[PDB]
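Notes to accompany the following structure.
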Amino acid sequence: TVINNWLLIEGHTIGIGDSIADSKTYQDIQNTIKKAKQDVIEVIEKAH
Amino acid sequence: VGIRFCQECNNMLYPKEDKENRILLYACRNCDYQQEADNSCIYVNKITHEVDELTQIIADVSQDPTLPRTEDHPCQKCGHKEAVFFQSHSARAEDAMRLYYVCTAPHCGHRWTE
Ligand SMILES: [Zn+2]
Ligand SMILES: [Zn+2]
């Protein structure tokens, strides 16, 4: 009861602003993905 | 190795022993046709059996639109650049990822494996 009636003051939500990252993070993620795909390609070449 | 057939009944020739001249004779069970063989080996069993598919690869696979193509591997015979390639495409192969190549130039059909 106490926490609910206090939460009536602070509030809570979830949204796109909470699910969106920053440009630097997007660059990091894309770099990591490209490196991983390149490494998989290298492994396939060595196997062939 | 192979199967050889009698010329009279056209049945399989089983090996029969000639206990007089110490020689091998192929004889059938339908008529009394005899023969002398050149293999001199009744039975052969290889358990490795790592057959190179270059005998079993058809040259007609070059017309497949779903196969990858490369131009960094020119054909040994006709020097054509583009050459289809694929993997072993064999079941009962314990482990294999080697590539196989077929030249895409018509009537060349060169099938190698670097
Ligand atoms: Zn016969
Ligand atoms: Zn060729």
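Identifiers in this document derive from the order of the structure tokens: chains are assigned A, B, ..., residues are numbered from 1 separately in each chain, and ligands are numbered from 1 in order of occurrence.
Every residue having at least one atom no farther than 7 Å from ligand 1 is included below, with only C-alpha atoms and all ligand atoms taken into account: residues 6, 7, 8, 9, 10, 11, 28, 29, 30, 31, 32 and 33 of chain B.
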Legend entry - Distance-based interface of chain A with chain B, 10 Å, counting only C-alpha atoms, as a PyMOL selection string: chain A and resi 44+47-48
Inset, instruction - Counting only C-alpha atoms and all ligand atoms, name the residues that have an atom within 7 Å of an atom of ligand 2; the answer should be given as a list in words. - result: residues 75, 76, 77, 78, 79, 80, 103, 104, 105, 108, 109 and 110 of chain B
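Coordinates place CA of residue 72 (chain B) at a distance of 24.3 Å from CA of residue 35 (chain A).
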Legend entry - CA of residue 38 (chain A) to CA of residue 112 (chain B), straight-line distance in Å: 27.9 Å
Legend entry - In chain A, DSSP alpha helix (DSSP H) residues written as a PyMOL selection string: chain A and resi 2-10+16-19+23-47
Using N, CA and C atoms, can you export the residues from the last selection as an mmCIF file, in the first residue's frame?
data_model
loop_
_atom_site.group_PDB
_atom_site.id
_atom_site.type_symbol
_atom_site.label_atom_id
_atom_site.label_comp_id
_atom_site.auth_asym_id
_atom_site.auth_seq_id
_atom_site.Cartn_x
_atom_site.Cartn_y
_atom_site.Cartn_z
ATOM 1 N N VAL A 2 1.879 1.312 0.858
ATOM 2 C CA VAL A 2 2.709 2.510 0.930
ATOM 3 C C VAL A 2 3.420 2.753 -0.393
ATOM 4 N N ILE A 3 4.002 1.705 -0.982
ATOM 5 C CA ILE A 3 4.761 1.910 -2.209
ATOM 6 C C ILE A 3 3.842 2.275 -3.366
ATOM 7 N N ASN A 4 2.648 1.684 -3.441
ATOM 8 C CA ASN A 4 1.733 2.048 -4.518
ATOM 9 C C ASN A 4 1.302 3.505 -4.416
ATOM 10 N N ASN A 5 0.954 3.955 -3.211
ATOM 11 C CA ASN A 5 0.501 5.334 -3.085
ATOM 12 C C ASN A 5 1.643 6.329 -3.244
ATOM 13 N N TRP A 6 2.887 5.916 -3.007
ATOM 14 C CA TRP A 6 3.989 6.791 -3.389
ATOM 15 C C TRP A 6 4.206 6.776 -4.893
ATOM 16 N N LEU A 7 4.060 5.611 -5.521
ATOM 17 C CA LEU A 7 4.242 5.511 -6.962
ATOM 18 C C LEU A 7 3.253 6.392 -7.695
ATOM 19 N N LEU A 8 2.097 6.652 -7.086
ATOM 20 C CA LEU A 8 1.190 7.653 -7.646
ATOM 21 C C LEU A 8 1.838 9.029 -7.791
ATOM 22 N N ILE A 9 3.004 9.253 -7.195
ATOM 23 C CA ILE A 9 3.731 10.516 -7.314
ATOM 24 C C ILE A 9 4.859 10.415 -8.329
ATOM 25 N N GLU A 10 5.633 9.330 -8.285
ATOM 26 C CA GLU A 10 6.786 9.211 -9.168
ATOM 27 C C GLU A 10 6.395 8.732 -10.560
ATOM 28 N N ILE A 16 9.633 4.008 -26.513
ATOM 29 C CA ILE A 16 10.660 3.989 -27.545
ATOM 30 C C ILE A 16 11.891 4.762 -27.093
ATOM 31 N N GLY A 17 11.690 5.876 -26.390
ATOM 32 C CA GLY A 17 12.823 6.593 -25.840
ATOM 33 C C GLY A 17 13.648 5.734 -24.910
ATOM 34 N N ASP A 18 13.010 4.773 -24.253
ATOM 35 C CA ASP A 18 13.686 3.812 -23.399
ATOM 36 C C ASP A 18 14.246 2.630 -24.176
ATOM 37 N N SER A 19 13.807 2.425 -25.418
ATOM 38 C CA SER A 19 14.330 1.347 -26.247
ATOM 39 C C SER A 19 15.256 1.810 -27.366
ATOM 40 N N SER A 23 24.124 7.094 -31.187
ATOM 41 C CA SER A 23 24.805 6.891 -32.465
ATOM 42 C C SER A 23 26.145 6.190 -32.285
ATOM 43 N N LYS A 24 26.896 6.553 -31.245
ATOM 44 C CA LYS A 24 28.169 5.887 -30.999
ATOM 45 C C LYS A 24 27.963 4.406 -30.714
ATOM 46 N N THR A 25 26.919 4.073 -29.954
ATOM 47 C CA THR A 25 26.619 2.673 -29.684
ATOM 48 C C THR A 25 26.223 1.939 -30.957
ATOM 49 N N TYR A 26 25.459 2.592 -31.831
ATOM 50 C CA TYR A 26 25.114 1.961 -33.098
ATOM 51 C C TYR A 26 26.359 1.694 -33.931
ATOM 52 N N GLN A 27 27.295 2.642 -33.942
ATOM 53 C CA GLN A 27 28.540 2.428 -34.668
ATOM 54 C C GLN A 27 29.326 1.262 -34.082
ATOM 55 N N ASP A 28 29.393 1.176 -32.751
ATOM 56 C CA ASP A 28 30.097 0.063 -32.120
ATOM 57 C C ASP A 28 29.465 -1.272 -32.487
ATOM 58 N N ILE A 29 28.136 -1.347 -32.431
ATOM 59 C CA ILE A 29 27.450 -2.601 -32.722
ATOM 60 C C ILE A 29 27.685 -3.014 -34.168
ATOM 61 N N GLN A 30 27.568 -2.065 -35.100
ATOM 62 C CA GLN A 30 27.775 -2.398 -36.505
ATOM 63 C C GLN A 30 29.213 -2.830 -36.768
ATOM 64 N N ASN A 31 30.184 -2.173 -36.128
ATOM 65 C CA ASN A 31 31.574 -2.588 -36.280
ATOM 66 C C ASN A 31 31.774 -4.014 -35.790
ATOM 67 N N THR A 32 31.231 -4.333 -34.612
ATOM 68 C CA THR A 32 31.396 -5.678 -34.073
ATOM 69 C C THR A 32 30.781 -6.717 -35.000
ATOM 70 N N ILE A 33 29.592 -6.425 -35.528
ATOM 71 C CA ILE A 33 28.928 -7.370 -36.417
ATOM 72 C C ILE A 33 29.749 -7.590 -37.681
ATOM 73 N N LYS A 34 30.284 -6.513 -38.259
ATOM 74 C CA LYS A 34 31.076 -6.669 -39.473
ATOM 75 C C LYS A 34 32.335 -7.483 -39.209
ATOM 76 N N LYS A 35 32.986 -7.254 -38.067
ATOM 77 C CA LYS A 35 34.170 -8.045 -37.741
ATOM 78 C C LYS A 35 33.822 -9.521 -37.591
ATOM 79 N N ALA A 36 32.696 -9.825 -36.944
ATOM 80 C CA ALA A 36 32.305 -11.222 -36.770
ATOM 81 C C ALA A 36 31.999 -11.892 -38.102
ATOM 82 N N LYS A 37 31.301 -11.190 -38.994
ATOM 83 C CA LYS A 37 31.015 -11.769 -40.302
ATOM 84 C C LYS A 37 32.297 -11.996 -41.089
ATOM 85 N N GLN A 38 33.251 -11.067 -40.991
ATOM 86 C CA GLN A 38 34.533 -11.268 -41.657
ATOM 87 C C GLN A 38 35.257 -12.489 -41.107
ATOM 88 N N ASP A 39 35.228 -12.678 -39.786
ATOM 89 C CA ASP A 39 35.896 -13.835 -39.193
ATOM 90 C C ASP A 39 35.237 -15.138 -39.625
ATOM 91 N N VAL A 40 33.907 -15.154 -39.715
ATOM 92 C CA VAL A 40 33.225 -16.352 -40.204
ATOM 93 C C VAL A 40 33.634 -16.642 -41.641
ATOM 94 N N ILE A 41 33.731 -15.597 -42.467
ATOM 95 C CA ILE A 41 34.159 -15.784 -43.851
ATOM 96 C C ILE A 41 35.568 -16.361 -43.905
ATOM 97 N N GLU A 42 36.459 -15.869 -43.045
ATOM 98 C CA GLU A 42 37.820 -16.395 -43.012
ATOM 99 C C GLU A 42 37.838 -17.864 -42.619
ATOM 100 N N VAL A 43 37.037 -18.242 -41.622
ATOM 101 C CA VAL A 43 36.980 -19.644 -41.219
ATOM 102 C C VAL A 43 36.490 -20.508 -42.372
ATOM 103 N N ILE A 44 35.486 -20.030 -43.105
ATOM 104 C CA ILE A 44 34.969 -20.796 -44.237
ATOM 105 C C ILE A 44 36.031 -20.941 -45.318
ATOM 106 N N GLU A 45 36.793 -19.876 -45.577
ATOM 107 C CA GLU A 45 37.860 -19.960 -46.572
ATOM 108 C C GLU A 45 38.912 -20.982 -46.164
ATOM 109 N N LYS A 46 39.306 -20.973 -44.891
ATOM 110 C CA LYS A 46 40.294 -21.940 -44.430
ATOM 111 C C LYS A 46 39.764 -23.361 -44.543
ATOM 112 N N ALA A 47 38.481 -23.565 -44.240
ATOM 113 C CA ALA A 47 37.902 -24.897 -44.379
ATOM 114 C C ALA A 47 37.879 -25.346 -45.836
#
Inset, instruction - Go ahead and compute the interatomic distance for CA of residue 85 (chain B) and CA of residue 62 (chain B), in Å to one decimal. - result: 8.9 Å
Inset, instruction - List every residue of region 14-108 of chain B that DSSP, applied to the backbone of this structure, assigns to strand (DSSP E or B), and report them as a PyMOL selection string. - result: chain B and resi 14-18+23-27+36+69-70+83-86+100-103
Selection export as a PDB file, in the first residue's frame, atoms kept: N, CA, C and O atoms:
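Just written: again-v3.pdb:
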ATOM      1  N   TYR B  14      29.954 -68.389 -61.852  1.00  0.00           N
ATOM      2  CA  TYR B  14      30.586 -68.591 -60.560  1.00  0.00           C
ATOM      3  C   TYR B  14      31.988 -69.166 -60.738  1.00  0.00           C
ATOM      4  O   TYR B  14      32.255 -69.879 -61.708  1.00  0.00           O
ATOM      5  N   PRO B  15      32.906 -68.870 -59.820  1.00  0.00           N
ATOM      6  CA  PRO B  15      34.240 -69.474 -59.902  1.00  0.00           C
ATOM      7  C   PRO B  15      34.224 -70.924 -59.445  1.00  0.00           C
ATOM      8  O   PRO B  15      33.611 -71.271 -58.434  1.00  0.00           O
ATOM      9  N   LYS B  16      34.916 -71.769 -60.204  1.00  0.00           N
ATOM     10  CA  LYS B  16      35.006 -73.190 -59.907  1.00  0.00           C
ATOM     11  C   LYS B  16      36.466 -73.613 -59.961  1.00  0.00           C
ATOM     12  O   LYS B  16      37.256 -73.079 -60.743  1.00  0.00           O
ATOM     13  N   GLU B  17      36.819 -74.573 -59.115  1.00  0.00           N
ATOM     14  CA  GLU B  17      38.200 -75.006 -58.977  1.00  0.00           C
ATOM     15  C   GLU B  17      38.499 -76.182 -59.896  1.00  0.00           C
ATOM     16  O   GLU B  17      37.731 -77.146 -59.967  1.00  0.00           O
ATOM     17  N   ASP B  18      39.626 -76.092 -60.598  1.00  0.00           N
ATOM     18  CA  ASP B  18      40.134 -77.173 -61.440  1.00  0.00           C
ATOM     19  C   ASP B  18      41.288 -77.827 -60.687  1.00  0.00           C
ATOM     20  O   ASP B  18      42.417 -77.333 -60.714  1.00  0.00           O
ATOM     21  N   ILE B  23      44.356 -74.429 -61.860  1.00  0.00           N
ATOM     22  CA  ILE B  23      43.933 -73.236 -62.580  1.00  0.00           C
ATOM     23  C   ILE B  23      42.528 -72.845 -62.141  1.00  0.00           C
ATOM     24  O   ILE B  23      41.767 -73.652 -61.603  1.00  0.00           O
ATOM     25  N   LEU B  24      42.195 -71.582 -62.386  1.00  0.00           N
ATOM     26  CA  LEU B  24      40.901 -71.017 -62.027  1.00  0.00           C
ATOM     27  C   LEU B  24      39.976 -71.045 -63.236  1.00  0.00           C
ATOM     28  O   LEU B  24      40.366 -70.626 -64.332  1.00  0.00           O
ATOM     29  N   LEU B  25      38.757 -71.537 -63.034  1.00  0.00           N
ATOM     30  CA  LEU B  25      37.756 -71.620 -64.087  1.00  0.00           C
ATOM     31  C   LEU B  25      36.466 -70.962 -63.625  1.00  0.00           C
ATOM     32  O   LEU B  25      36.048 -71.136 -62.478  1.00  0.00           O
ATOM     33  N   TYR B  26      35.839 -70.214 -64.524  1.00  0.00           N
ATOM     34  CA  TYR B  26      34.534 -69.614 -64.281  1.00  0.00           C
ATOM     35  C   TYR B  26      33.475 -70.457 -64.977  1.00  0.00           C
ATOM     36  O   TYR B  26      33.497 -70.598 -66.203  1.00  0.00           O
ATOM     37  N   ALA B  27      32.551 -71.012 -64.200  1.00  0.00           N
ATOM     38  CA  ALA B  27      31.541 -71.916 -64.724  1.00  0.00           C
ATOM     39  C   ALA B  27      30.171 -71.529 -64.192  1.00  0.00           C
ATOM     40  O   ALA B  27      30.049 -71.058 -63.058  1.00  0.00           O
ATOM     41  N   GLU B  36      38.408 -69.223 -68.696  1.00  0.00           N
ATOM     42  CA  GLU B  36      39.602 -68.907 -67.923  1.00  0.00           C
ATOM     43  C   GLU B  36      39.700 -67.398 -67.778  1.00  0.00           C
ATOM     44  O   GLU B  36      39.632 -66.671 -68.774  1.00  0.00           O
ATOM     45  N   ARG B  69      29.462 -19.185 -58.601  1.00  0.00           N
ATOM     46  CA  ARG B  69      30.421 -19.076 -59.687  1.00  0.00           C
ATOM     47  C   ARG B  69      31.563 -18.161 -59.278  1.00  0.00           C
ATOM     48  O   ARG B  69      31.372 -17.196 -58.535  1.00  0.00           O
ATOM     49  N   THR B  70      32.754 -18.476 -59.774  1.00  0.00           N
ATOM     50  CA  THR B  70      33.948 -17.698 -59.489  1.00  0.00           C
ATOM     51  C   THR B  70      34.730 -17.486 -60.772  1.00  0.00           C
ATOM     52  O   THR B  70      34.612 -18.251 -61.731  1.00  0.00           O
ATOM     53  N   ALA B  83      34.055 -20.473 -63.579  1.00  0.00           N
ATOM     54  CA  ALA B  83      34.014 -21.893 -63.252  1.00  0.00           C
ATOM     55  C   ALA B  83      33.099 -22.091 -62.057  1.00  0.00           C
ATOM     56  O   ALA B  83      33.330 -21.510 -60.995  1.00  0.00           O
ATOM     57  N   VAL B  84      32.062 -22.906 -62.234  1.00  0.00           N
ATOM     58  CA  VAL B  84      31.175 -23.249 -61.135  1.00  0.00           C
ATOM     59  C   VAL B  84      31.946 -24.055 -60.097  1.00  0.00           C
ATOM     60  O   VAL B  84      32.971 -24.676 -60.401  1.00  0.00           O
ATOM     61  N   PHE B  85      31.469 -24.036 -58.856  1.00  0.00           N
ATOM     62  CA  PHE B  85      32.071 -24.857 -57.816  1.00  0.00           C
ATOM     63  C   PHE B  85      31.017 -25.256 -56.796  1.00  0.00           C
ATOM     64  O   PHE B  85      29.973 -24.615 -56.668  1.00  0.00           O
ATOM     65  N   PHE B  86      31.306 -26.327 -56.069  1.00  0.00           N
ATOM     66  CA  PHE B  86      30.386 -26.868 -55.076  1.00  0.00           C
ATOM     67  C   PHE B  86      31.172 -27.766 -54.127  1.00  0.00           C
ATOM     68  O   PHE B  86      32.388 -27.930 -54.267  1.00  0.00           O
ATOM     69  N   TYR B 100      34.895 -28.630 -55.218  1.00  0.00           N
ATOM     70  CA  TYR B 100      35.056 -29.237 -56.528  1.00  0.00           C
ATOM     71  C   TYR B 100      34.666 -28.214 -57.581  1.00  0.00           C
ATOM     72  O   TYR B 100      33.786 -27.385 -57.354  1.00  0.00           O
ATOM     73  N   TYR B 101      35.321 -28.273 -58.735  1.00  0.00           N
ATOM     74  CA  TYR B 101      35.127 -27.278 -59.776  1.00  0.00           C
ATOM     75  C   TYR B 101      34.715 -27.938 -61.082  1.00  0.00           C
ATOM     76  O   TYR B 101      35.095 -29.073 -61.374  1.00  0.00           O
ATOM     77  N   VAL B 102      33.912 -27.215 -61.856  1.00  0.00           N
ATOM     78  CA  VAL B 102      33.514 -27.623 -63.198  1.00  0.00           C
ATOM     79  C   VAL B 102      33.577 -26.397 -64.092  1.00  0.00           C
ATOM     80  O   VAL B 102      33.045 -25.339 -63.746  1.00  0.00           O
ATOM     81  N   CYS B 103      34.234 -26.528 -65.238  1.00  0.00           N
ATOM     82  CA  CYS B 103      34.322 -25.417 -66.173  1.00  0.00           C
ATOM     83  C   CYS B 103      32.976 -25.190 -66.844  1.00  0.00           C
ATOM     84  O   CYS B 103      32.293 -26.140 -67.233  1.00  0.00           O
TER      85      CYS B 103
END
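Remark: for residue 43 (chain B), the closest of the candidate residues B:113, B:91, B:59, B:1 is B:1 (distances computed over only C-alpha atoms).
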